[PDB]
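> Before I ask anything, let me first share the structure, which is written out below as C-alpha cells.
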Amino acid sequence: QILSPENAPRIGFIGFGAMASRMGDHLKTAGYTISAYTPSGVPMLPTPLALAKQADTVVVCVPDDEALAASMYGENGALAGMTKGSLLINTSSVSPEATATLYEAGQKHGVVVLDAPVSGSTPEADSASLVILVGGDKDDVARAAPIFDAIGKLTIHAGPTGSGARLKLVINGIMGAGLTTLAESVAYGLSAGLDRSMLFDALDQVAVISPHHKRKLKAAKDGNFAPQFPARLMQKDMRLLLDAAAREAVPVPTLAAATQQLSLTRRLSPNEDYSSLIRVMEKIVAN
Amino acid sequence: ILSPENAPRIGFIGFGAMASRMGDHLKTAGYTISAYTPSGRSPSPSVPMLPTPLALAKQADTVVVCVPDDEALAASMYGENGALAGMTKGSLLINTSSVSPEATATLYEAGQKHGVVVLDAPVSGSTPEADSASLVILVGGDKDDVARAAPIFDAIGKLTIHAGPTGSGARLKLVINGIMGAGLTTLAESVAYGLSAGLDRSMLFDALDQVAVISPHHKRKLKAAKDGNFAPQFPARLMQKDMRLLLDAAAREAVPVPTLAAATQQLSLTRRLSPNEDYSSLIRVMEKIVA
Amino acid sequence: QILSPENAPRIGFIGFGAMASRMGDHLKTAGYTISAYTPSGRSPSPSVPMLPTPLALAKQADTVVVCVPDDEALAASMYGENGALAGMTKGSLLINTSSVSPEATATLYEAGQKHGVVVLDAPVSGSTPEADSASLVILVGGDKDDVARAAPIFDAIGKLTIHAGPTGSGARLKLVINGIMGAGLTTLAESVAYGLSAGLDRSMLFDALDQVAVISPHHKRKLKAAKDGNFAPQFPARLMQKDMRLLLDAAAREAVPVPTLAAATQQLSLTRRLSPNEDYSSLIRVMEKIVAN
Amino acid sequence: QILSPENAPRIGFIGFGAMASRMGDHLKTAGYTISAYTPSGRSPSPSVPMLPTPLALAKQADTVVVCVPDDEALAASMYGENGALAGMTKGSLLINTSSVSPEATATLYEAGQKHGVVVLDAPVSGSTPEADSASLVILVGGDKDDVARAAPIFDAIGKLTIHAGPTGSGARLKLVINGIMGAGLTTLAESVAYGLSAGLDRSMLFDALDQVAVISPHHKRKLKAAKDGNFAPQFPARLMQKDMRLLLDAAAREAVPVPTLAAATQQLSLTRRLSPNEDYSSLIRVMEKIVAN
Ligand SMILES: NC(=O)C1=CN([C@@H]2O[C@H](COP(=O)(O)OP(=O)(O)OC[C@H]3O[C@@H](n4cnc5c(N)ncnc54)[C@H](OP(=O)(O)O)[C@@H]3O)[C@@H](O)[C@H]2O)C=CC1
Ligand SMILES: NC(=O)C1=CN([C@@H]2O[C@H](COP(=O)(O)OP(=O)(O)OC[C@H]3O[C@@H](n4cnc5c(N)ncnc54)[C@H](OP(=O)(O)O)[C@@H]3O)[C@@H](O)[C@H]2O)C=CC1
Ligand SMILES: NC(=O)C1=CN([C@@H]2O[C@H](COP(=O)(O)OP(=O)(O)OC[C@H]3O[C@@H](n4cnc5c(N)ncnc54)[C@H](OP(=O)(O)O)[C@@H]3O)[C@@H](O)[C@H]2O)C=CC1
Ligand SMILES: NC(=O)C1=CN([C@@H]2O[C@H](COP(=O)(O)OP(=O)(O)OC[C@H]3O[C@@H](n4cnc5c(N)ncnc54)[C@H](OP(=O)(O)O)[C@@H]3O)[C@@H](O)[C@H]2O)C=CC1
C-alpha cells in the first residue's frame, strides 16, 4: 500500500506557497497529479473539503497553527473529505500542541497524520535537497517514501508522532540564533573600525560558520535580502520554539535573545529574508 | 623577509597547547626554536627554555607571544625583565594571544618606543588546526611588516588575512570568538529542548550531523559530545575569558549584542562547573539540566 | 443591572484555588452565595458546595467567575458538551480573573457574544496576601457600562478597579505587570548572586538592599522572605513561569523586542524545573546555590 | 583621629561634577573648607578654589575625596609624580566615591598602602536629587576604625552609612545596586513597550503602573518623567551603561551567570548610542519609538 504514483496518483495540497509549489513541481516530475487549495486561489479547488475529496494523499504546507486548524477541521475542512485508510502528510512548521491535536483528529477519521516538516529553504526545495524530519510509525513512513524521495535527498525518521515537529523546532533554533549571532558579531567588528569587505571576506573563510549562514553572509555583503525564508516566518518559528521550551521548562537564554532580535527584524521588514538583521545591525552601528 | 635563511631564530613567550604545535611546524620549516614559560616547562621537551622574557628575546631574531590573557601579557612584556627590554630595534614581535583591544594598543605603543614593530596576529583554529597547520592568521599592522612575517605565517597556517592596521587582528579575533561561543551555546540549548521534548538522544545527535545550519567546527564538537569527550582543545576558562573580552569591547563601542551576551552567561556557568574541560562541555551541562 | 447581592446573589466559580477561594470568602462576607466547580472536586474551602461539571455550575449561578491556570484549562471548561458558557442566560456576566493569553481572551469574548453573555477580562494585580486582605487591583477590559455592573463584586475582592480599555485590555495590562514582577525578581536574584560571589557577607547584603530605593515594595518583601529561606507558595513558580511564557508569546506576536523579559523567562523556566510548587522567588535560593557550588 | 572639621578642616576633591559639587556644598555647611581639582579647571561652585594638579590639590588638603567617571580617570589622577597620592601624608585618608571596577579599587588600595594612606572605597547609592538633600546611602569598604574616622564626612553628605565589609566591599555593593537599577529600567521600558504595542492607551498605562507594588519608587519617578518625555539627565546613559559594563565584567570574572543583567546591559548600550547624555531612562522613549514604527 505504498503511495507510489501507481497506487496513489492524486496529491492534493492544503497550502501552495514558495515551498509547496516547488515540492509539487518535483512530485509532478515523479508522475503524480497535483491539485491545491489556498484561501485566495495547477488546478485549484474551492474548499479544503473539495480538495480532499478529489485527492488520494493530502500534503499540508500552511504558515501556522491557526491556518492549520482553519483548514483541517469543520465540515468544510480537509479531514471531512478524506477516507479511512488514507494518509495526511503535514509539512508545516507548527506547534507540538497543534501536531497532537491533528494526529488525534486524524485517528477519528481513520487517517494517519505524519508530521513531516523539512529542513532546507526554497533553493533546497528547487533542487529536491530537502531533509525530511518525520514522526510516526515506521510502517506509515514507509508508505510515504516515494513522496519523500521525490521532494528530498534524505528522510530522517525522528520517532513516533510529534517527533518531526520537535526536530524541526530544534533545527529552527539553530538557524535563527546562528543568524543573530553572526549579525551581532559583524556589527561589533564594524563598530570597532574593521573594513567591511575585509570582514565579510574573512568570515567566509572560517570553520565556525555554517554553509547556510555563509550563503546568507555573502548575500548580505551585497545588501541582497530577496526572500528565501522571510522574517515573518522565521520569527514565527522562533516564537513556537520559545513557547515549547517554556512548556518543557528548559532554560534557553541564547535562543530567547535571538528571538527578540528576530522580532525587531520582522517589525522592520516582514517580507524580506530573515537574514536582513545583518543590515539592521549595520544601520545601528552606522548611526 | 623573515625566512629561515634571513632570520632563523624564533623565540616564544608562552609555549602551551597552541604555541608548541606552531613551534613544530616552524622547526619543520627550518627555524630554530626557543621558549620561555613561567614554569620552565612545555609539551616539547626538546625545545630550549630561557629563564626570563628578557633572556628569550636577546637570543632570538623574531619573538612570538602566546599567553592566556592581558595580565599575563603585561607580566612578560614590560619591566626590566620583560621581552621588550631584550629585543633590538628593527625586529618584529608577533602576538598570537587573544587579548583585549586595550592591551593590544598598549603593547603596540610600548613596542614603538623600543623601535620594535608589534603585529597583533591571533589565529582562527584550535589544536587540531595547529597540528595540521590549517590555522587562519588574523593580522593587524602595516602591509610591509605583514609581508616580512609571511614565511612564519605560511608555516603555521593555511591562510593569512591582513585585517587592517594595528589592533585589527585582535578585533577580528573577538568577532570570530563570539561566533564560536554563541554557536556552541545555541547548539547546546537547541539539543536540550529536543531532549526535553522526548527525542531519542542518539537519533537527535546523528540527525543534526545531517543539516546545513551547523558549522563544521560545531559538528565536530557535537560528535565529541555524543561520546562525552570534552578533552580540552579550547578550555572553558579561556573561551569564557574571550567572551568577557568581547562583551567588554562591545560595551565600549556601545553596540547591542543580546545573543552574544546570553551566550557569555552560559559560558560563565560552563566555566564555573568545569574550567579545564573543553568549552563544548556546556552540551553535557544542558543535558544534565534536562535530566 | 448592577450585580449586587440583592439582584444577583449566586456567584459560581470555575476554578477555586489559592486565589479564587480567598476572593470567595470576601464575596461571602459581602452577602453573596458561593458555589464552585473544580476538576478534582476539591478546594481549600470545605464549606463551599461543589458542582460536578462547568455546565452544572453555570446553570445554577447568576454570575460566573473564572479563575483557572491557563488557556487549556479555560477552553476545557468553557466549551464542549459540558462547558460553562452554554449554561449561562442571555444578559448575564462572565468575569474571567484568570491570567490567560490575549488570543484565549478574544476567543472567549466572541463565544460569549454568540451566547448573549458579556465577558469581562478582569485579571488582578496582587497575590494571596492581597487576596486575603481584599487589596487586589482589578485590571478590567470591557465597556464602561458592563464594568459598572460588576462594581460590587470588584469592590468586595479588591481595593481599586482600573478600567484598562475595551475587551482584551485587562489581559494585556496583566501581562505588562507580570513582566515587571518576573524580571524584577530575576534581576534581584542575579545581582545578589554576583554580590555573594564577590565575597559580600550574606546577612549584610540582604539587609543593605532593604535600604535602597531601586527595589519595589513587593520584591523587598520577597528578599526578606528569601533571607529566611521562606518560599511558601504565594505565587508558585509553575504559574509565574506560565505567565512569562504568555507574555513572551504575546510580545512575539506584536513583534516587540523584549530581551530583558526574554532572559528573565529563561531564569524562571529553570526555577520552575527545580521547584514548580514553591514561590517563584525561590530563584534567589537557586542562584545562591550556583555561587556556592 | 576622627575627621571632624575641627580635626581635619580641609577637604580636597579630585573631580567636582554633578555629584561631587553637591556633596561639597553639604560639607561646606558642615564646617569644612572645600577645594577641588578637575582636568578642565571648571566647576559650578564659585567659592571653591581650583588647584592646577592632583598633586597640588592633595598637598593643601587634610582629606581627599575622589569622584571621577571611570577606572581610566582614576588612574590618570591618582598615580605618577603629579598624582594625588604623591601629595598626601602618611596617616591621612582618601575616600573614593567613584563607581569603578573591583580591580581598580584593589590597585588604588595597595598603592595607598605604600604611601601610608588608607583608601576607603565609598561609592554612594542615590542620584543628584539625593545628593541635593544629603539622602545618599554610603556603601563603604574598609577597616571598622577607618570607617569611624570618616563618619562626620559620611553623615554630612548622606542619610545612612552601610559598612559593607573590608576594602573592596563598597565597590562590589555598588555594582550590585547598579545592576538592580539598570535592569529595573530596561524591564520597565520593555513592559511598557509591549503594552503600547498591544493597543493599550498610553495615559491609562502610565497611570496604572504608578499604582502597582512591583515597581520601585525610583523607577516610578522615572516613569512619571517619561510620561512627559522628560529625560533631562539625573544619571546619564553614558554613566549607567559604563556601570553595567563594569558589573558584567566582574560577573564574568567571578563566573556567575546573570542573563537578565546581561540583556539589560545590551539595551543600555543601545540607549547610550542613541543619546549618551540624556537620563538613562530614555530607553522608555527608545522603545516607544520602536513600537510606533
Ligand atoms: N524556507 C522556507 O520557506 C521554510 C518554510 N517552512 C515552513 O513551511 C510552511 C510554508 O512555508 P512557505 O511555503 O515558505 O510560506 P508561504 O507564505 O510562501 O506559503 C504560504 C501558503 O499558505 C497558504 N495558506 C495561508 N493560510 C492558509 C489556510 N488557512 N489554509 C490553507 N492554506 C493557507 C497561502 O495561501 P494564500 O496565498 O491564500 O495565503 C500560501 O499558499 C510554513 O509553515 C513555514 O514556516 C519551514 C522552514 C523553511
Ligand atoms: N583553541 C585554543 O586553544 C585557542 C587559544 N587561543 C589563545 O591562545 C592563547 C594560548 O592558548 P593555549 O596555548 O591554548 O593556552 P595554554 O594554557 O595551553 O598555554 C598557556 C601558555 O602560556 C604560558 N604562560 C602563562 N602565563 C604566562 C606569562 N605571564 N608569561 C609567559 N607565558 C605565560 C604557560 O606557561 P606555564 O605552563 O608556565 O603557565 C603556557 O606555556 C590564549 O590567549 C588563548 O585564548 C585562541 C583561540 C583558540
Ligand atoms: N499570586 C497568584 O497565585 C496569582 C495568580 N494569578 C492567576 O490566577 C489564576 C489561578 O491562580 P491560583 O488560584 O493561584 O492557581 P491554583 O493552582 O492555586 O488553583 C488552580 C485552580 O484551577 C482549577 N483548575 C485546573 N484546571 C481546571 C479546569 N480545566 N477547569 C476548571 N478549574 C480548573 C484547580 O482545580 P484542581 O485542584 O481540580 O486542579 C484549582 O482549583 C491563574 O491564572 C494564575 O496565573 C495571577 C496573579 C497572581
Ligand atoms: N547619579 C549619578 O550621577 C551618580 C553617579 N555616580 C558615579 O559618580 C562619579 C561621577 O558621577 P558625576 O559626578 O555624575 O559625573 P560628572 O560627569 O557629572 O562629573 C564628572 C567629573 O569628573 C571630572 N573628571 C573627569 N576625568 C577626571 C580625571 N582624570 N581626574 C579628575 N577629575 C576628572 C570632570 O571634570 P571635567 O569637567 O574637567 O571633565 C567632572 O568634574 C562616576 O563614577 C559616576 O558613575 C554614582 C552614583 C550616582
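Chain labels A, B, ... are given in the sequence in which chains occur in the C-alpha cells; within each chain residues are numbered consecutively from 1, and ligands are likewise numbered from 1 in the order shown.
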Select the residues contacting ligand 4 at a distance of at most 8 Å, based on only C-alpha atoms and all ligand atoms, then format the selection as a VMD selection string.
chain D and resid 14 to 21 37 to 43 54 66 to 70 72 to 77 97 to 100 123 to 128 234 to 236 239 to 240 242 to 243
> Enumerate, in order of chain and increasing residue number, the residues of chain A with an atom no farther than 9 Å from ligand 1, each with its shortest atom pair and distance in Å to one decimal, counting only C-alpha atoms and all ligand atoms, as CSV.

residue,atom,partner,partner_atom_place_in_ligand_line,distance
A:13,CA,ligand 1,32 (N),8.5
A:14,CA,ligand 1,31 (C),5.1
A:15,CA,ligand 1,32 (N),3.6
A:16,CA,ligand 1,41 (O),3.8
A:17,CA,ligand 1,19 (O),3.2
A:18,CA,ligand 1,18 (O),4.0
A:19,CA,ligand 1,13 (O),3.9
A:20,CA,ligand 1,13 (O),5.4
A:21,CA,ligand 1,13 (O),7.5
A:22,CA,ligand 1,13 (O),8.9
A:36,CA,ligand 1,41 (O),8.8
A:37,CA,ligand 1,32 (N),6.5
A:38,CA,ligand 1,38 (O),4.3
A:39,CA,ligand 1,38 (O),4.0
A:40,CA,ligand 1,38 (O),3.7
A:41,CA,ligand 1,38 (O),5.9
A:48,CA,ligand 1,31 (C),7.5
A:60,CA,ligand 1,31 (C),7.8
A:61,CA,ligand 1,9 (C),5.0
A:62,CA,ligand 1,22 (O),4.1
A:63,CA,ligand 1,43 (O),3.8
A:64,CA,ligand 1,43 (O),5.7
A:65,CA,ligand 1,43 (O),8.7
A:66,CA,ligand 1,29 (N),6.9
A:67,CA,ligand 1,29 (N),3.4
A:68,CA,ligand 1,29 (N),5.9
A:69,CA,ligand 1,29 (N),7.4
A:70,CA,ligand 1,29 (N),5.2
A:71,CA,ligand 1,30 (N),4.7
A:72,CA,ligand 1,30 (N),8.1
A:91,CA,ligand 1,8 (O),6.6
A:92,CA,ligand 1,43 (O),3.8
A:93,CA,ligand 1,43 (O),3.8
A:94,CA,ligand 1,43 (O),6.3
A:117,CA,ligand 1,46 (C),6.9
A:118,CA,ligand 1,47 (C),6.3
A:119,CA,ligand 1,47 (C),6.1
A:120,CA,ligand 1,48 (C),5.9
A:121,CA,ligand 1,1 (N),3.3
A:122,CA,ligand 1,1 (N),5.4
A:123,CA,ligand 1,1 (N),8.4
A:124,CA,ligand 1,1 (N),8.7
A:125,CA,ligand 1,1 (N),8.6
A:168,CA,ligand 1,46 (C),8.1
A:172,CA,ligand 1,47 (C),7.5
A:227,CA,ligand 1,3 (O),8.4
A:228,CA,ligand 1,1 (N),5.5
A:229,CA,ligand 1,1 (N),3.9
A:230,CA,ligand 1,3 (O),7.0
A:232,CA,ligand 1,45 (O),8.8
A:233,CA,ligand 1,45 (O),5.0
A:234,CA,ligand 1,45 (O),6.7
A:236,CA,ligand 1,45 (O),7.3
A:237,CA,ligand 1,45 (O),6.3
> Take the residues from that selection and write them out as an mmCIF file, in the first residue's frame, keeping C-alpha atoms.

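For reference, selection_10.cif as written:
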data_model
loop_
_atom_site.group_PDB
_atom_site.id
_atom_site.type_symbol
_atom_site.label_atom_id
_atom_site.label_comp_id
_atom_site.auth_asym_id
_atom_site.auth_seq_id
_atom_site.Cartn_x
_atom_site.Cartn_y
_atom_site.Cartn_z
ATOM 1 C CA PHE A 13 -2.108 20.281 -1.329
ATOM 2 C CA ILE A 14 -3.537 22.351 1.507
ATOM 3 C CA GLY A 15 -1.481 25.495 1.006
ATOM 4 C CA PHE A 16 0.713 26.051 -2.048
ATOM 5 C CA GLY A 17 3.323 28.743 -1.399
ATOM 6 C CA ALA A 18 7.027 29.129 -2.046
ATOM 7 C CA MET A 19 7.846 25.752 -0.533
ATOM 8 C CA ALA A 20 4.869 23.584 -1.513
ATOM 9 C CA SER A 21 4.830 24.809 -5.124
ATOM 10 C CA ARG A 22 8.445 23.695 -5.544
ATOM 11 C CA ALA A 36 -4.134 22.575 -4.479
ATOM 12 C CA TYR A 37 -6.290 24.730 -2.227
ATOM 13 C CA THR A 38 -5.380 28.145 -0.873
ATOM 14 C CA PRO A 39 -7.819 30.581 0.774
ATOM 15 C CA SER A 40 -7.145 33.042 -2.077
ATOM 16 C CA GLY A 41 -6.503 30.987 -5.215
ATOM 17 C CA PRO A 48 -10.206 22.078 1.803
ATOM 18 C CA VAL A 60 -0.338 20.297 4.101
ATOM 19 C CA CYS A 61 2.002 23.318 3.918
ATOM 20 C CA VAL A 62 0.438 26.236 5.816
ATOM 21 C CA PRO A 63 2.074 29.043 7.830
ATOM 22 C CA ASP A 64 0.919 28.487 11.440
ATOM 23 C CA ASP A 65 -1.361 26.667 13.912
ATOM 24 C CA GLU A 66 -4.271 28.989 13.148
ATOM 25 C CA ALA A 67 -4.150 28.331 9.403
ATOM 26 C CA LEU A 68 -3.846 24.601 10.066
ATOM 27 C CA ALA A 69 -6.958 24.494 12.258
ATOM 28 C CA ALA A 70 -8.960 26.668 9.859
ATOM 29 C CA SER A 71 -8.364 24.192 7.028
ATOM 30 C CA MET A 72 -8.331 20.792 8.779
ATOM 31 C CA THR A 91 4.973 19.603 6.167
ATOM 32 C CA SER A 92 4.041 22.825 8.006
ATOM 33 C CA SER A 93 6.156 24.244 10.832
ATOM 34 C CA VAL A 94 3.574 24.242 13.657
ATOM 35 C CA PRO A 117 8.402 19.271 8.330
ATOM 36 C CA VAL A 118 11.523 19.818 6.243
ATOM 37 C CA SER A 119 14.995 21.227 6.710
ATOM 38 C CA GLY A 120 16.017 23.403 3.794
ATOM 39 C CA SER A 121 14.573 26.525 2.177
ATOM 40 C CA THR A 122 13.488 27.409 -1.365
ATOM 41 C CA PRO A 123 16.855 26.589 -3.045
ATOM 42 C CA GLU A 124 16.850 23.123 -1.489
ATOM 43 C CA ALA A 125 13.202 22.715 -2.497
ATOM 44 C CA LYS A 168 12.110 20.928 13.215
ATOM 45 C CA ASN A 172 14.905 26.302 13.570
ATOM 46 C CA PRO A 227 13.144 36.368 0.482
ATOM 47 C CA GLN A 228 14.037 32.718 0.694
ATOM 48 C CA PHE A 229 12.801 32.377 4.279
ATOM 49 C CA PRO A 230 11.020 35.628 5.165
ATOM 50 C CA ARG A 232 7.744 36.857 9.307
ATOM 51 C CA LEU A 233 8.057 33.070 9.098
ATOM 52 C CA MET A 234 11.454 32.706 10.808
ATOM 53 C CA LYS A 236 7.032 32.756 13.942
ATOM 54 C CA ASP A 237 9.183 29.621 14.132
#
> Please return, as a ChimeraX atom specification, all residues of range 19-198 of chain D that DSSP assigns to helix (DSSP H, G or I) on the basis of the backbone.
/D:19-29,54-59,71-78,85-87,102-114,128-132,144-149,151-157,169-197
> Those same residues, written as an mmCIF file, in the first residue's frame with C-alpha atoms?

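As a result, again36.cif now contains:
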data_model
loop_
_atom_site.group_PDB
_atom_site.id
_atom_site.type_symbol
_atom_site.label_atom_id
_atom_site.label_comp_id
_atom_site.auth_asym_id
_atom_site.auth_seq_id
_atom_site.Cartn_x
_atom_site.Cartn_y
_atom_site.Cartn_z
ATOM 1 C CA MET D 19 27.555 64.506 42.336
ATOM 2 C CA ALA D 20 30.700 65.933 43.948
ATOM 3 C CA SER D 21 29.782 69.629 43.833
ATOM 4 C CA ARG D 22 26.558 68.781 45.695
ATOM 5 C CA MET D 23 28.498 66.725 48.241
ATOM 6 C CA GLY D 24 30.868 69.651 48.680
ATOM 7 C CA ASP D 25 28.001 72.044 49.381
ATOM 8 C CA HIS D 26 26.854 69.910 52.313
ATOM 9 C CA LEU D 27 30.419 69.591 53.619
ATOM 10 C CA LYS D 28 30.827 73.374 53.479
ATOM 11 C CA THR D 29 27.621 73.701 55.522
ATOM 12 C CA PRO D 54 46.007 66.405 41.659
ATOM 13 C CA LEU D 55 49.368 66.769 43.423
ATOM 14 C CA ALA D 56 48.678 70.412 44.293
ATOM 15 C CA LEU D 57 45.164 69.544 45.489
ATOM 16 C CA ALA D 58 46.349 66.860 47.905
ATOM 17 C CA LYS D 59 49.218 68.941 49.313
ATOM 18 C CA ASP D 71 38.984 53.475 36.011
ATOM 19 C CA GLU D 72 40.928 55.402 33.393
ATOM 20 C CA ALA D 73 40.244 58.784 35.000
ATOM 21 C CA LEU D 74 41.058 57.385 38.437
ATOM 22 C CA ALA D 75 44.456 56.118 37.306
ATOM 23 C CA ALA D 76 45.254 59.373 35.497
ATOM 24 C CA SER D 77 44.783 61.451 38.655
ATOM 25 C CA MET D 78 45.889 59.018 41.373
ATOM 26 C CA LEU D 85 48.833 60.073 46.266
ATOM 27 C CA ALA D 86 52.222 61.760 45.751
ATOM 28 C CA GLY D 87 50.812 64.784 47.589
ATOM 29 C CA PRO D 102 36.983 45.953 41.761
ATOM 30 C CA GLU D 103 40.362 45.702 40.022
ATOM 31 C CA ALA D 104 40.827 49.474 40.076
ATOM 32 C CA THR D 105 39.726 49.517 43.711
ATOM 33 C CA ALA D 106 42.328 46.921 44.697
ATOM 34 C CA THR D 107 45.071 48.721 42.778
ATOM 35 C CA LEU D 108 44.340 52.048 44.486
ATOM 36 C CA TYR D 109 44.082 50.441 47.924
ATOM 37 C CA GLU D 110 47.501 48.807 47.564
ATOM 38 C CA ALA D 111 49.042 51.985 46.110
ATOM 39 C CA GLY D 112 47.609 53.908 49.059
ATOM 40 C CA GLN D 113 49.242 51.460 51.470
ATOM 41 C CA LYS D 114 52.710 52.122 50.027
ATOM 42 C CA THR D 128 21.505 64.159 42.044
ATOM 43 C CA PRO D 129 18.209 64.648 43.997
ATOM 44 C CA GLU D 130 19.568 62.539 46.860
ATOM 45 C CA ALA D 131 22.886 64.410 46.758
ATOM 46 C CA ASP D 132 20.950 67.703 46.920
ATOM 47 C CA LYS D 144 35.883 49.475 61.097
ATOM 48 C CA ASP D 145 38.170 52.067 62.710
ATOM 49 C CA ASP D 146 38.872 53.879 59.430
ATOM 50 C CA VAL D 147 35.142 53.993 58.630
ATOM 51 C CA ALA D 148 34.636 55.560 62.053
ATOM 52 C CA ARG D 149 37.256 58.218 61.209
ATOM 53 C CA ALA D 151 31.848 59.226 59.884
ATOM 54 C CA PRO D 152 31.400 63.049 60.103
ATOM 55 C CA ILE D 153 32.049 63.331 56.359
ATOM 56 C CA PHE D 154 29.650 60.493 55.533
ATOM 57 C CA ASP D 155 26.999 61.983 57.830
ATOM 58 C CA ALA D 156 27.162 65.381 56.118
ATOM 59 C CA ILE D 157 26.568 64.025 52.608
ATOM 60 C CA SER D 169 33.212 45.653 49.637
ATOM 61 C CA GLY D 170 31.762 49.059 48.848
ATOM 62 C CA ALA D 171 32.755 48.852 45.191
ATOM 63 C CA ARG D 172 31.109 45.437 44.969
ATOM 64 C CA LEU D 173 27.889 46.516 46.694
ATOM 65 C CA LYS D 174 27.634 49.494 44.352
ATOM 66 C CA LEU D 175 27.882 47.093 41.411
ATOM 67 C CA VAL D 176 25.027 45.014 42.899
ATOM 68 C CA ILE D 177 22.769 48.055 43.293
ATOM 69 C CA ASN D 178 23.699 49.393 39.812
ATOM 70 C CA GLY D 179 22.533 46.141 38.249
ATOM 71 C CA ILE D 180 19.186 46.343 40.039
ATOM 72 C CA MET D 181 18.739 49.938 38.884
ATOM 73 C CA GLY D 182 19.707 49.349 35.259
ATOM 74 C CA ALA D 183 17.753 46.139 34.688
ATOM 75 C CA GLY D 184 14.809 47.601 36.594
ATOM 76 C CA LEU D 185 14.627 50.339 33.970
ATOM 77 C CA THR D 186 15.061 48.049 30.958
ATOM 78 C CA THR D 187 12.375 45.711 32.333
ATOM 79 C CA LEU D 188 10.023 48.654 32.725
ATOM 80 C CA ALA D 189 10.769 50.052 29.250
ATOM 81 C CA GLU D 190 10.118 46.681 27.586
ATOM 82 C CA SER D 191 6.934 46.004 29.568
ATOM 83 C CA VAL D 192 5.519 49.430 28.687
ATOM 84 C CA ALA D 193 6.562 48.830 25.075
ATOM 85 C CA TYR D 194 4.606 45.558 24.937
ATOM 86 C CA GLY D 195 1.539 47.211 26.480
ATOM 87 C CA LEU D 196 1.585 50.020 23.929
ATOM 88 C CA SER D 197 2.158 47.591 21.068
#
> Please identify all protein, DNA and RNA residues within 7 Å of ligand 2, counting only C-alpha atoms and all ligand atoms, and report them as a ChimeraX atom specification.
/B:13-19,36-42,66-69,72-73,75-76,96-99,122-127,233-235,238-239,242
> Counting only C-alpha atoms, which residues from chain B have an atom at most 7 Å from any atom of chain D, and could you show them as a tab-separated table (two decimals) with N, CA, C and O atoms, in the first residue's frame?

chain	number	residue	atom	x	y	z
B	244	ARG	N	34.24	37.33	27.73
B	244	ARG	CA	34.29	38.50	28.59
B	244	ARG	C	34.96	39.68	27.86
B	244	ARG	O	34.49	40.82	27.95
B	248	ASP	N	33.07	43.19	26.83
B	248	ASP	CA	33.59	44.47	27.28
B	248	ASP	C	33.80	45.40	26.09
B	248	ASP	O	33.43	46.58	26.12
B	251	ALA	N	30.58	46.72	24.72
B	251	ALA	CA	30.02	47.77	25.57
B	251	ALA	C	30.78	49.08	25.38
B	251	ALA	O	30.17	50.16	25.35
B	254	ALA	N	29.45	50.63	22.47
B	254	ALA	CA	28.01	50.82	22.59
B	254	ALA	C	27.25	50.13	21.45
B	254	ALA	O	26.39	50.72	20.80
B	255	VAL	N	27.55	48.86	21.22
B	255	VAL	CA	26.85	48.04	20.24
B	255	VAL	C	26.01	47.01	20.98
B	255	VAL	O	26.57	46.23	21.76
B	256	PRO	N	24.69	46.97	20.79
B	256	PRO	CA	23.85	45.98	21.50
B	256	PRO	C	23.97	44.59	20.88
B	256	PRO	O	23.61	44.38	19.72
B	257	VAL	N	24.43	43.62	21.68
B	257	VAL	CA	24.64	42.26	21.19
B	257	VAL	C	23.98	41.25	22.15
B	257	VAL	O	24.67	40.49	22.86
B	258	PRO	N	22.65	41.21	22.18
B	258	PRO	CA	21.96	40.34	23.16
B	258	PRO	C	22.23	38.85	22.99
B	258	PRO	O	22.31	38.14	24.01
B	261	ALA	N	25.57	38.29	24.40
B	261	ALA	CA	25.55	38.48	25.85
B	261	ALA	C	24.96	37.27	26.56
B	261	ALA	O	25.48	36.86	27.60
B	262	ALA	N	23.86	36.72	26.03
B	262	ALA	CA	23.28	35.50	26.59
B	262	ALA	C	24.29	34.36	26.56
B	262	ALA	O	24.44	33.61	27.54
B	265	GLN	N	26.86	34.36	29.32
B	265	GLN	CA	26.40	33.92	30.63
B	265	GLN	C	26.35	32.41	30.71
B	265	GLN	O	26.66	31.83	31.76
B	266	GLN	N	25.98	31.75	29.61
B	266	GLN	CA	26.00	30.29	29.57
B	266	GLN	C	27.42	29.77	29.67
B	266	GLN	O	27.66	28.72	30.30
B	268	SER	N	29.82	31.36	31.29
B	268	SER	CA	30.22	31.53	32.69
B	268	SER	C	29.82	30.31	33.51
B	268	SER	O	30.60	29.81	34.33
B	269	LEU	N	28.58	29.84	33.34
B	269	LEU	CA	28.15	28.63	34.04
B	269	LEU	C	29.03	27.45	33.65
B	269	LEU	O	29.46	26.68	34.51
B	271	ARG	N	32.18	27.46	32.64
B	271	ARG	CA	33.49	27.55	33.26
B	271	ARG	C	33.40	27.30	34.77
B	271	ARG	O	34.29	26.67	35.36
B	272	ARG	N	32.34	27.81	35.41
B	272	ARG	CA	32.18	27.58	36.84
B	272	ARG	C	32.13	26.08	37.14
B	272	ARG	O	32.79	25.60	38.07
> Give me the residues near residue 191 in chain B as a VMD selection string, where near means some atom within 8 Å (using only C-alpha atoms) and where sequence neighbours in that chain fewer than 5 positions away do not count.
(chain A and resid 170) or (chain B and resid 204 to 205 283)
> Provide as a PyMOL selection string the residues of chain B at most 8 Å from chain A, counting only C-alpha atoms.
chain B and resi 124-125+136+161+163-164+168+171-172+175-176+178-180+182-183+185-187+189-194+196-200+203-204+207-208+211-218+250+253+255-260+262-263+266+289-290
> Could you pull out all residues of range 126-181 of chain D with a DSSP call of strand (DSSP E or B) and give them as an MDAnalysis selection string?
chainID D and resid 136:141 158:165
